[PDB]
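# Tertiary structure, described
Each chain, letter by letter, is given below.
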Amino acid sequence: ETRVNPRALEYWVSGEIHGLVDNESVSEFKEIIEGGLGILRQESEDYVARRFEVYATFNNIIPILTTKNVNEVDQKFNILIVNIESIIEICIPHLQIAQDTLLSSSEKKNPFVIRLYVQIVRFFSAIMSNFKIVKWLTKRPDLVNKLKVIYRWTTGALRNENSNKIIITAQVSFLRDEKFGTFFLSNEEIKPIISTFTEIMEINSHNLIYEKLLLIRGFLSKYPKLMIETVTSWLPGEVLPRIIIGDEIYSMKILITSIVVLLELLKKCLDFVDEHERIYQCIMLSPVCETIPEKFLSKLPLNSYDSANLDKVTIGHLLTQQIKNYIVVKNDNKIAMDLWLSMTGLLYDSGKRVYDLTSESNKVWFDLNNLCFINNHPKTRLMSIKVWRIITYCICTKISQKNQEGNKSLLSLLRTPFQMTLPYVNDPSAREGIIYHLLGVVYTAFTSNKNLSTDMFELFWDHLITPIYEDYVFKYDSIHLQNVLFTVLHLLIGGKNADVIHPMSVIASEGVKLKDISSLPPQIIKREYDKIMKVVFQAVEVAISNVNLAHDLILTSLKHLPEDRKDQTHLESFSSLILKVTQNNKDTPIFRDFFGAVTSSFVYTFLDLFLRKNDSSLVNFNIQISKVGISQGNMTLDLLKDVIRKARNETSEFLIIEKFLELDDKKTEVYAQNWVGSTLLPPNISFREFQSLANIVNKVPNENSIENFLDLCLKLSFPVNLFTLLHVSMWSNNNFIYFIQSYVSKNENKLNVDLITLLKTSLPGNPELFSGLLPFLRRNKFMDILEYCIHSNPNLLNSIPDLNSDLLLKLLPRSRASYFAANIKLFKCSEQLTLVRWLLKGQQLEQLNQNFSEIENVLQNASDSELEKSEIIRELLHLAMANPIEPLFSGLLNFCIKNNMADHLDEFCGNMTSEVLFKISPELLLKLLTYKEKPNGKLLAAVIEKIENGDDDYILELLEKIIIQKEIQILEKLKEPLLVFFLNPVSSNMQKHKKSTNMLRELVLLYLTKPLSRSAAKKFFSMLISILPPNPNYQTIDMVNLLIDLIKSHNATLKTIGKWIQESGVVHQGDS
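Taking the PDB entry as the reference, the protein chain is identified by name as Telomere length regulator protein RIF1 belonging to Saccharomyces cerevisiae. For this structure, the PDB header gives the title as "Crystal structure of the Rif1 N-terminal domain (RIF1-NTD) from Saccharomyces cerevisiae". According to the UniProt record, the Subunit (literature references left out) comment for the protein chain reads "Interacts with RAP1 (via C-terminus). Interacts with RIF2." Under the Sequence similarities heading, UniProt states for the protein chain: "Belongs to the RIF1 family."

## Topic: the overall build of the protein chain
Assigned secondary structure in the protein chain consists of 64 helices and zero strands. The C-alpha radius of gyration computed for the protein chain amounts to 70 Å, which surpasses the reference 31 Å derived for 1072 residues by more than 25%, pointing to a less compact arrangement than a globule. Each principal axis of the C-alpha distribution contributes one length, and for the protein chain these read about 235 × 75 × 45 Å. When the 116 positive and 121 negative side-chain charges of the protein chain are each reduced to one mean point, those points stand 1 Å apart.

## Here's the deal with the environment of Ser-361
Here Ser-361 lies in the loop between α24 (351-354) and α25 (364-373). Exposure remark for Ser-361: the relative accessible area of 53% places this residue in the exposed category. C-alpha separation for the pair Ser-361 and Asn-331, spaced 30 residues apart in sequence, amounts to 24 Å.

## Quick notes on the side chain of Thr-1036
Following the sequence through the fold, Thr-1036 ends up in helix α63 (residues 1035-1047). Accessibility expressed as a relative area gives 2% for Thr-1036, which makes it buried. Aside from chain neighbours lying at most four places away, what touches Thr-1036 is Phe-982, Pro-985 and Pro-1030.

## Brief notes about the nonpolar core
If you look at the biggest cluster of nonpolar residues, it comprises 288 residues, and the most contacted ones within it are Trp-234, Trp-340, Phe-446, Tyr-469, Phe-602, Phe-739 and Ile-740. Counting residues per element, this core draws most heavily on helix α6 (residues 111-128), which supplies eleven residues. Setting aside its immediate chain neighbours within four residues, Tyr-469 contacts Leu-438, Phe-474, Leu-485, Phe-486, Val-488, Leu-489 and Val-535. Counting residues in each nonpolar core, the second largest holds 36 residues, with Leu-833, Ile-855, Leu-892 and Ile-947 among its members.

## Comments concerning helix α55 (residues 902-910)
For α55, the set of buried residues is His-904, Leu-905, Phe-908 and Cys-909. What you see down the axis of α55 is that its buried residues fit within an arc of 145°, all on one side. The exposed set on the far side of α55, more than 90 degrees from its buried face, consists of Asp-903 and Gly-910. If you follow the buried residues of α55, they end up packed against α53 (866-882), α54 (887-897), α56 (922-930) and α57 (934-937).

## Concerning the packing of helix α30 (residues 428-447) against helix α32 (residues 479-492)
Running from N to C, α30 and α32 point in directions that differ by 10°, and their axes come no closer than 10 Å. When the axes of α30 and α32 are compared, the pair comes out roughly parallel. Residues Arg-431, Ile-434, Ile-435, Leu-438, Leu-439, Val-442 and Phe-446 of α30 lie in contact with α32, whose contacting residues are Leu-481, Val-484, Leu-485, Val-488 and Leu-492. Of the residues belonging to the contact of α30 with α32, the class tally is eleven nonpolar, no polar and one charged.

## Overview of the domain arrangement of the protein chain
According to the domain assignment, the protein chain consists of domain 1 (1-164) and domain 2 (982-1069). For domain 1 and domain 2, the distance between their C-alpha centres works out to 204 Å.

## Things to note about empty space enclosed by the protein
Sizing a probe to match a water molecule and rolling it over the atoms shows the empty space that remains. Of the voids in this model, the largest cavity is the one considered here, and its volume is about 150 Å³. As for the largest cavity, its lining consists of 13 residues, and the residues nearest its centre are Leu-917, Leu-925, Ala-942, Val-943 and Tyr-954. Of all the elements in the fold, those that place two or more residues in the lining of the largest cavity are α58 (940-947) and α59 (952-965). Broken down by element, the residue count for the lining of the largest cavity peaks at four residues, all from α58. In the lining of the largest cavity, the residues fall into twelve nonpolar, no polar and one charged.

## Some remarks on the side chain of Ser-705
Along the chain, the position of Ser-705 falls in helix α43 (residues 703-713). At 2.7 Å, the side chain of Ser-705 forms a polar contact with the backbone nitrogen of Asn-702. Setting aside its immediate chain neighbours within four residues, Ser-705 contacts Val-676, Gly-677, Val-697 and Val-700.

## Digging into the state of the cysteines
On inspection of all chains with the given rule, the structure shows zero disulfides. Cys-394 takes part in no disulfide bond, and the closest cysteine sulfur to it belongs to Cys-396, at a distance of 9.6 Å. Overall, the relative accessible area of 0% leaves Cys-394 in the buried class.

## Section: the packing of helix α44 (residues 733-748) against helix α45 (residues 753-762)
Between two packed helices, the angle of one axis relative to the other and the distance separating the axes together describe the packing. Axis separation between α44 and α45 bottoms out at 12 Å; the angle between their running directions is 155°. With respect to each other, α44 and α45 are oriented roughly antiparallel. The handedness of the crossing between α44 and α45 is left-handed. Along its contact with α44, which presents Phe-736, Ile-740, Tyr-743 and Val-744, the element α45 presents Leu-755, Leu-758, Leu-759 and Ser-762. When the residues that make up the contact of α44 with α45 are grouped by side-chain class, the tally is seven nonpolar, one polar and no charged.

What counts and how
Residues numbered from 1 in each chain as written, not as in the entry; some residues may be left out. Heavy atoms only, no water. UniProt positions renumbered as here; feature names shortened; annotations may be inferred. Helix = DSSP H or I, 4+ residues; strand = E, 2+ residues; numbered from the N terminus. Rg over C-alpha atoms; globule rule 2.2 N^0.38 Å. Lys, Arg positive; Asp, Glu negative; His and termini not counted. Charge placed at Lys NZ, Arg CZ, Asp CG, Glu CD. Buried < 20%, exposed > 50% of the residue type's maximum accessible area, 1.4 Å probe, protein only. Contact = heavy atoms within 4.5 Å. Core = buried A, V, L, I, M, F, W, Y, C linked by side-chain atoms within 4.5 Å. Arc of directions from axis to C-beta. Axes fitted to C-alpha atoms, helices over the stretch in contact; angles between N-to-C directions. Parallel < 35°, antiparallel > 145°, perpendicular 65-115°, else oblique. Nonpolar A, V, L, I, M, F, W, Y, C, P; charged D, E, K, R; others polar. Domains from an automatic or database assignment. 1 Å grid on protein atoms, 1.4 Å probe; cavity = no way out; pocket = protein on both sides within 12 Å on 5 of 7 lines; lining within 4 Å. Points joined across faces, edges and corners; volume = space filled by probe spheres on them. Polar contact = N/O pair within 3.5 Å; in protein donor to acceptor, adjacent residues only side chain to side chain. Disulfide = S-S within 2.5 Å. Left-handed = near helix turned anticlockwise from the far one by under 90°.

Right under this line is the structure:
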């Protein structure tokens, strides 16, 4: 049973035994092959009776390529390679014979010979259609030169004589699957094969039409260049009219397949275009009867006129009518727009023919599209607006730019889908179609079109994008649609959040997605920035409710602002834009955050325009933003912080804070003081930043900021004069004080020029500041300042809170004590006591004179210390003896007014001078020596020393005073004034005689007001006359006569006194 021989005819029985029942993946295949050939090589009847069996066996034992079987098939195909020459020399003549015996005789087609022909053809196709053999043949030009002939014999066998249905089927399956021709056939050897397609045998078998259509569909994908070069023959022949005749005659699969041929043909024509316009000249230009053969013209449905006039009707006419029939009659929309699409692409993918879309007779196409779009099915609308992708491709990629008006009309036609979907905007499908078509337009016009430039980008943006957005996008209501389209805009200008090349891909079922858009590119942005922003801004103004899009659009818009365009205009434009964003919104925490980021990035973008001292644009802007915000102060502060963070290592924060202090917001001031007064101040600071910081401390000085600032000044690397930047004379008194203390203690511990100049002008005019710095300066000496202050403004001494008398004695006034003498009224007790000591010890006697009333007013009301008054008064009396003048003597009068002065008064009564005695006035001397005892009565010495041998009228004045005052106690002593009265004639005259007369009479008148003295009367009476020698002069006798007569008005001793009286009278008798 075993050992079935592989060769020698014992294997091949009649019509059976093919294998391989179980000889898989083994060289048994090889044996079956070689033995087979070893049978085909003989010519005996026994071996020729097994041809059909050998070729059926071959066609059976060849495996099919599976994804799990490739090494086995390759080994078997190598097995076929080894025997290639035997297969040539043997099998080619078998094909020749098997063909001639079938085509030579027009009738009597033999069945078995047909079997053999089919089997042989299938073997040869199996050896030509696949395998590495085509590669192996590049090493053997002879074998390919021998193989080429099969194409010739098939070429003749397709047009010659009764080729049976199965014969033609095998031939077209071979010519459909054959692959050797890829490498070894020239154009001139292929074109005849293509010419055969048009003219073959009669058919009407719905299997051969489909097989031929598959043949065409493979030939397009195999030799595209030649299939386009020869389209004029094969397309109007066995492909195109199949659609015009319709589904009545041919099954649906026929029509659909031929339409697919149109699609593939498009896929190929989009790579070469062809400059001969063969498709257009063939379909739209030439008549019907010119390009459709009679075979199909005799089966062509037509009306009366278009049938009687086959010269004015075109292929495109019938095709358009038939598409309309598929929409209206069949409702097979998909078929209709598949056609329509392939038609439009094949006809108008040439730049010359694109413009023909604007012609009137070519807008019937678009009307047809409308006929397909008004259907109720959502997917039908969506598809009818999706197929415009071909229009997008043709217009965008095949425009010439030259005819600007033609371009603008073509773009207006490209905006048609939006016109269609406008009234359907409430339907999701229409919206998805809008997004689809727009993305196709942007992709095919910008992202993929690598030839956009100055002359082009304007035509695209100003006549396609801008019209789309101004006419349609900004007017759609659903904020999700606006969200998507505006998102497209955001993705164009960089700043992408798209989650992530050839224009071709626009013509796809899924189309373009958002992830295939960015960028624009930048080099176009810098040029046409204004053009772009003229649309972006509108988008922002219409999408104020969609805060995210406004935030991202404004931010990534500023991020792409060129440096060469950072001027005032753009700044103000962004200002108006943001202001519109806030005006049409309400303050929510979210909008607070976003708006904060927008303002911060806006100020940071134009930073070098807000940081100039005289612009004030930052102030205006702050006023604008304060409208829509709760905590506006914290919006200013948060703005400062954010702008600082944006330029962390780009612009020093000091320069920002300086110009943010022109806003006078208290919270930014607090932040500035807290920042300067605690941050680390680097010694490596540049002068620009240092002067900025100095302006900060100058604007808002604080204790900590002064400390830290000066600690920086100690470590600088450049000279600097602080007072050209600080202007410390303007600060509050406290900050001034602390600046002085810190600057002194730290910088020098000593006063320099600038400090002197500052103090000599800021202190004399401020009593509070003076009282504040007084302890510090007092401790640090620096008397050249304090003495200057008192010299230029004495009233500072009144404003000293705790004015120590030691400090006052050391702070002599001192050059203009006249003011102090005049204004001593406005001072304190002990301070006056110690003050007058400067006038005394300074010999400022005149100042004590002209302002004596205030001095007596001071000493009047007592004081803290009375010993002070004691010494002061002692020196004052020394001055009273030195120079009488007048004031100090009124002061002596006031001393007499006070009783406690008794000690100093007696002192004065014991210290007299022969010059002062008559500068003394009587009106006070009387009241002085009357109401006092002997202590004051010791002044009487000089008094007597002037009574005798002195001045007449002063003595007479004293006597008149004591007379009119009636001071009886003093009159006891009269001997000396009586000696005067006796020796006072000299010149006499009635004036002095009457004077002495009256003065004597009245002086003796009140000598005793009550006669109760008893023996004293005797005592005095014995002495007052014991010193009376009236002998000299006669006018004395009158005086003595008055005396005696007055005595005669008043016991036993009075008689003796009378006798002595008569004695003096006798002495008078001796003078008469």
